[PDB]
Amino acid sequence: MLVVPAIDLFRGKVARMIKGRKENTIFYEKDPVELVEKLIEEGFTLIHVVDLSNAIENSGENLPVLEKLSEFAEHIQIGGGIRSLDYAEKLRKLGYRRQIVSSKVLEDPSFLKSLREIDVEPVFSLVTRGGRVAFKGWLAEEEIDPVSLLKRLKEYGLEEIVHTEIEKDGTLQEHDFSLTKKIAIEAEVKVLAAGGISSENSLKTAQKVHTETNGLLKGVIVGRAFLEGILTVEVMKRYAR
């Protein structure tokens, strides 16, 4: 199973937004480029970097950092603001081969293919609250089961997702691995789990579902608990076999 450390970037710096909330913004004093080097040397193969300035702002402030993070791209999976092919190409040029996409794929599901013509592995970001897909639309977010969405995206060549329980991370709450398992298993998509990856009980559960699903659960993304020291590098690596 993969244990994937998460760094969020906002206004140049390492940031967390509590449950995605913009002025619930907190900044860490860490060098995102050194932290990434450190994570590399400690032996981590995958790292989740989200550009919070592109996703929320449509800003380019973090590009300088990604230009320098691009030393370690074959190791980094990048998200935030990837809504046009032109931008995806820039990233791919730097070496960024796994890219988290979302809103664009629901605007135009052919975006997945365009991304395969440029050796990008499109990773679809699936946010859910209370087990309900966080569609902007009313009936859509009430009625469309996660499985139903990804089953249709599968037809457009989708393979890998990140399933984020947005309202959990930034807190004690544990990730609902029952959901994630159902998702991985019924949609037959590879899943990285995010949100409420809070403690050791979570990696334990994750490992067990990583098994229950023949690896359809790739692993978890640790953001909150990683940066703050709840889960240390020692404890994380113990759970990546």
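Start at 1 with the first residue shown and count on from there.
Note on 167-175 vs 87-95: mean CA B-factor is higher in 167-175. 214-222 and 229-237 differ in mean CA B-factor, and the higher of the two is recorded for 229-237. Annotation for residue 29: C-alpha temperature factor in the lowest third relative to the rest of the modelled chain, per the entry. Residue 195: CA B factor lies in the lowest third for its chain, per the PDB record.
Sort the chain's modelled residues by C-alpha temperature factor and residue 122 lands in the middle third, per the entry. Ranked by C-alpha B-factor against the other modelled residues of its chain, residue 73 falls in the highest third. Sort the modelled residues of the chain by CA B factor and residue 145 lands in the middle third.
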